[PDB]
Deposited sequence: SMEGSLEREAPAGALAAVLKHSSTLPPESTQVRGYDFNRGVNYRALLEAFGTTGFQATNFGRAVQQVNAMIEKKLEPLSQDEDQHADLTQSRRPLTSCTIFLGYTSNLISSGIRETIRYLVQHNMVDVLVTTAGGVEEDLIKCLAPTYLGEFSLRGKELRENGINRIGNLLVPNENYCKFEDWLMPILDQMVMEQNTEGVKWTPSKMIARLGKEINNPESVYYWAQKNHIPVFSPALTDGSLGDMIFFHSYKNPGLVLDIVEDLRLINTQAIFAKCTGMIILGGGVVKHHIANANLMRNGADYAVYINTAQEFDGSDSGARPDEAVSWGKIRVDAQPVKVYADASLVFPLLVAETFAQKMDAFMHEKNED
């Protein structure tokens, strides 16, 4: 194969410009391999299949392929949220893994907005004005004043439900309960409960949601949460699957939890990574795709690809050709 690029003498044509990236090189050929991989992934889902619920304790019809998705907290409050909502509203994914910061940020966005800002600003001055900093974004301190006024009754009712009727609470269930209360067609966790897509987040205590739990404890004590039940659900969601795929959009615990789930079934069959980490430190976040096959988390027949770029400038473009051109096919 030769190496060519867009001529640009034919006029601006967007269909060809994003299709000519596959023969440019460097990070462009990685993008082409990624789009080819994801396009190959969806084609298997549409094939018809022609009991299982009791074994997996889940209310959902098994499809030809189950797609796993995960994201890091800083991505949710970065404007990517519209793409995730589009991916979830119509069934296109089956498992979501996040961090407590993600749910904390996503819930408030339905109640109050977030404003832009600049990268270099001293925090000493910003603290007096009452402005917090998250990257290049700035959030007000007034925003956190309505969450405290809205979450306490839910926890009161949860404690009452635990004491009165038999129920044991798991992180996969507290998320679902919050969704029905928000009652809004623009929050991604509202559509999660409607179409029965479970959400997992083992590190739920750490975050601003933890702060609310601590204060409540010294007035109505007794709340209980268990993390051993979620493991069973996530593992049996992958053991009994015909074929699987992974789309990990950031490094951290989300990468470890998703990959380790597929270990019990001799790896996945298609995968793609998008993160900006490094490998010389040896951190799991920066591990190359070929490192996964050593542990037995990515089958030896697949061809994983990994793109080094910020998720903001790549993810919206990737969903433009793969998942949007076949909307009528669902």
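Exercise for review: Report the unmodelled segments of the deposited sequence as residue ranges counted from 1.
Suggested key: The deposited sequence has unmodelled segments at 1-29, 80-83, 364-370.
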